[PDB]
Structure formats: structure tokens, C-alpha cells
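Quick notes on the structure that follows.
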Amino acid sequence: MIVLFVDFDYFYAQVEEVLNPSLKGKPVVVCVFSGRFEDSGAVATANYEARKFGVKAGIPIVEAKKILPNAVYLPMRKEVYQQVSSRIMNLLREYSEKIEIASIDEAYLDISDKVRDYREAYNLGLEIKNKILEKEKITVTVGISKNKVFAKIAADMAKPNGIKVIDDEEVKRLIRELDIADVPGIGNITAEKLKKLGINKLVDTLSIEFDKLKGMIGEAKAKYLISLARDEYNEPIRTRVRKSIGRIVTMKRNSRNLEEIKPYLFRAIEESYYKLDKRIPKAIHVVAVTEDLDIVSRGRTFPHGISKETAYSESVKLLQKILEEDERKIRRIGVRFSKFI
DNA sequence: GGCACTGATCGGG
DNA sequence: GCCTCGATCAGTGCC
Ligand SMILES: Nc1ccn([C@H]2C[C@H](O)[C@@H](COP(=O)(O)OP(=O)(O)OP(=O)(O)O)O2)c(=O)n1
Ligand SMILES: [Ca+2]
Ligand SMILES: [Ca+2]
Ligand SMILES: [Ca+2]
């Protein structure tokens, strides 16, 4: 088919600029402050003026300040970005009945029934860009190609404030030339399991015999890569259904005292029910992040919905199970809810 | 043998 | 750091 992928530019930082245009041209850094002490936490994202100098998503706020001590550091206002995002997604709904909202700032549209060729798709992407800038003053990047994967690769290639088509010949080109590490779904861990098999371009997956592949990276990832390499990857645009909702907070200090952990757990439950809104979950998981940043979790499913009160008692029992079965101290604690009615 | 669960892992935003 | 974060894996109960 023809797939049009849309990815909002430096999204959180850009929303802050739209709400305060005085920020334009200055380096802006959106931060997630944990609360342990002044400037503990991580950068969620930064605009290009800050990113130019190495201030990127994930780094410690303290490291960012080392690099650009005079930048504007703003606390993440996720609920604001979520509202702006919801409005832009509503705009995209008008350009295709088949839309897949992939995350807070990305969506795929199947525009097969809306255009005959790539020339026409390109024009449709420009139209969408202009509509989003018109209504919300947000810039975005558009990628277009024959499937979801190469559409995303296109947008990657053209950001910021871009638009690009990857046509059939170029798809055949990329299967040959593009490094596997640049293929969506290959991370550091799988990339280096591939290097260690010698695989470094997509075409190579087709000459290695399946089980050396499957054996090392898994059945699913092997099939995925092979289908891309055969130019046979087809995955429809499907509406996404939220499968879980939760909240995990950082404690003021590592601990494995139940009475000390409890107040953070109950706050996580409270904030989680607020986010659930009308969704009633049948499953609850307590989730612990250990001092060495590992993640442990224990859950229970009920043949019925979980009332806040049942969430409160069950969560303590689940936290207790985690304390027995793992002796590392806990750094972050929260819950996730799922299996909605 | 293979389906339905579970917690851990991996890739990603 | 936190997720309006989900998919897939190995280990297992089960038919
Ligand atoms: N480790 C990360 C990565 C991303 N985000 C959030 C903030 C980003 O703005 C948003 C979108 O991700 P991109 O990965 O799309 O980030 P920008 O949109 O920030 O980057 P770009 O303009 O390159 O797309 O998700 C986050 O909180 N933590
Ligand atoms: Ca994105
Ligand atoms: Ca983006
Ligand atoms: Ca990559």
C-alpha cells in the first residue's frame, strides 16, 4: 500500500515554545526531576539548539547543566503535551479512516484509498504539515513509503521539519545499503548479536540459515528481519488499544522497610486510578526498580474488576512477595493495571 | 506438540 | 525518569 507516517518535531520542547514563544531561538531542555535532591533526574528531550551540543533525551540533568549551564530548564508538563497531541491526532483523522496512533507524537496513516502514486502522497503530506502548522503552530516530519517500517525510516531521514518519499527502487537500495542498526526494532543488544553473526545489512539475513538467526535473536525478530529483506513486510495500520496504565515514583532513599515504602505505593495507586478514569482493570502488578536499576514485578488477576480498596490491600501483599523473593533494596516503586473490562 | 499464562527482557518514546 | 509502554522470550501448567 501507501503509508504516511507523521512524527512531531522536538515535541515536548516545541510545545513549551508555542506556549511561550520567547523561548524560540534559545536552547530549551525539558526535564524529569525525581526529587532526591537539587537537579536529580533526566532530560526528557531538548530542542535542536540544545541538542546541537549533546544535550539529548535520557542524560542526567546534572550532565546537561555541565554542558549548557545557561539553557532554559523546564519541568515536564506531560498532561499539557498530551492535550496538544490529542488535538493534532484529531486533525490527522480527517485524512484517513485507517490511522495508527503509535505514541504521544507519532501516527501512521494508510492512504492507499486516497492517492494513486507517491507524487500524490507527497502532496498529501505537505497538506498535512500545513494543516498542523495552521491549527496548532507545531512543525512535524512526514515519511512516506510502501510499509510502516520504511515510512518511519523516511521520516527519520528527513527530520527536522521534513518530508521524504522512499520509493520502490530506494527500498531495494536500502535493503542492500542501510545498516541493520538503523532498522526499527534493532537495539544495542540485538545489533551486537547480529554483528557477532556477521550480519550487518538486511540482505545478509537471507543467506544465513534460519536457525543461526532464530537461535541468536529469536523466532519473531528473525521472521521480521527476513520479511523486510525479501521486500515482503506487510503489517496493516491498526487502531491501538491501551493495554496497561500505571505510575512508578522514586523514593527519597533506597529502602526495604514495608512501612517506609507503603506511602509511595499508595500514592502510585491513587495517581493510577486518576489515570484509569472509567477503565476498570482486572489485573494489578506491583513494580519495583532495584538500587541497581533492575526491574522486579509481581501481579494478580481477579475474575472481577479491582476497586481502589482491593488495589490497596492486594498491592501490599504483592509488594511483600517482592521483598521475600529478592533481597536488593528498592529505589522506585509503583503499580500497573491491565486486563480492562 | 502446542496453547495459555507469567515475569523478565528488549526496543522504543 | 517515566511511560496514554507493548511485543516477545523462556519456563511452566495444561489438554
Ligand atoms: N528517552 C525519552 C525519549 C522521548 N521522550 C518523549 C519526549 C519527546 O519529545 C517525545 C518524542 O520522541 P522523539 O523520540 O520523537 O523526540 P523529539 O520528538 O523530542 O525528537 P525529534 O524531533 O528528533 O523527533 O517523547 C521521553 O520522554 N524520554
Ligand atoms: Ca517520535
Ligand atoms: Ca518526534
Ligand atoms: Ca537504531
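Protein chains get the first letters and strands the later ones, always in sequence-line order, with residue 1 at the start of each. All heavy atoms count here, side chains included; hydrogens, waters and symmetry mates do not.
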Donor-acceptor contact present, side-chain A/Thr45 to main-chain A/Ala57, <3.5 Å: no
Donor-acceptor pairs are to be reported for all side-chain atoms of residues 24-34 of chain A against protein atoms at under 3.5 Å, with residues two or more places apart or in another chain.
residue	atom	partner	partner atom	Å
A/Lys26	NZ	A/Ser22	O	3.1
A/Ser34	OG	A/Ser40	O	3.3
A/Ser34	OG	A/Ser40	OG	2.6

Sugar-phosphate only, base, or nothing, as touched by A/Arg240 at under 4.0 Å among non-hydrogen atoms: nothing
For A/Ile138, the option from A/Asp105, A/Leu91, A/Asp9, A/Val18 that meets side-chain contact (heavy atoms from CB on, under 4.5 Å): A/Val18
DNA chain B contacts made by residues 88-105 of chain A, counting heavy atoms under 4.0 Å: A/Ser103, A/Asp105
Contact check, side chains of A/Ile261 and A/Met251, non-hydrogen atoms, under 4.5 Å: yes
Sugar-phosphate only, base, or nothing, as touched by A/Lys321 at under 4.0 Å among non-hydrogen atoms: nothing
Span that lies between the P atom of C/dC2 and that of B/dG11, in whole angstrom: 23 Å
Within residues 58-87 of chain A: residues closer than 4.0 Å to DNA chain B (heavy atoms): none
5' priority, DNA chain C, between A/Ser244 and A/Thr250 [closest heavy atom]: A/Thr250
Pair A/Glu259, A/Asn257: side-chain N/O donor-acceptor within cut-off below 3.5 Å: no
A/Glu100 CD to A/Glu106 CD distance, which is reported to the nearest 0.5 Å: 10.5 Å
Nucleotide range of DNA chain B lying under 4.0 Å from chain A heavy atoms: B/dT6 to B/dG13
Side chain to side chain contact (heavy atoms under 4.5 Å, CB included) assessment of A/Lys146 paired with A/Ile2: CA-CA 5 Å; A/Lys146 66 196 286 174; A/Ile2 293 168; over 6 Å; no
Pairwise side-chain contact, A/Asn47 with A/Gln14, heavy-atom cut-off 4.5 Å (strictly under): no
Aromatic ring pairing A/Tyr81/A/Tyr12, orientation class (parallel under 30°, perpendicular over 60°, tilted between): parallel
Residue mapping more 5' on DNA chain C - nearest nucleotide basis, A/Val32 or A/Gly246: A/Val32
Under the 3.5 Å Watson-Crick or G-U criterion, the dot-bracket string of DNA chain B, with | for inter-strand pairs: |||||||||||||
Side-chain heavy-atom pair A/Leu174, A/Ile166 within 4.5 angstrom cut-off: yes
Main-chain N/O of A/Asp292 paired to A/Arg331 side chain as donor or acceptor, under 3.5 Å: no
Inter-nucleotide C1' distance (C/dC3, B/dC10), Å rounded: 15 Å
NZ or CZ of A/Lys148 within 45° of A/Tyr233 ring axis and under 6.0 Å: no
Bounds of contact between DNA chain C and chain A, in 5' to 3' order, using a heavy-atom cut-off under 4.0 Å: C/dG1 to C/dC9
Main-chain N/O of A/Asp110 paired with A/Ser96 side-chain donor or acceptor, under 3.5 Å: yes
Transitive ILVMFWY side-chain link A/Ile144 to A/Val140, under 4.5 Å: yes
Sugar-phosphate only, base, or nothing, as touched by A/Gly299 at under 4.0 Å among non-hydrogen atoms: sugar-phosphate
Residue pair A/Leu194 / A/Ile186, side-chain heavy-atom distance below 4.5 Å: yes
Touch class at under 4.0 angstrom, heavy-atom based, for A/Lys339 against every strand present: sugar-phosphate
Touch class at under 4.0 angstrom, heavy-atom based, for A/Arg332 against every strand present: base
Sugar-phosphate, base or nothing in reach of A/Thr190, heavy atoms under 4.0 Å: sugar-phosphate
Donor-acceptor under 3.5 Å (A/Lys201 side chain, A/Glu177 main chain): yes
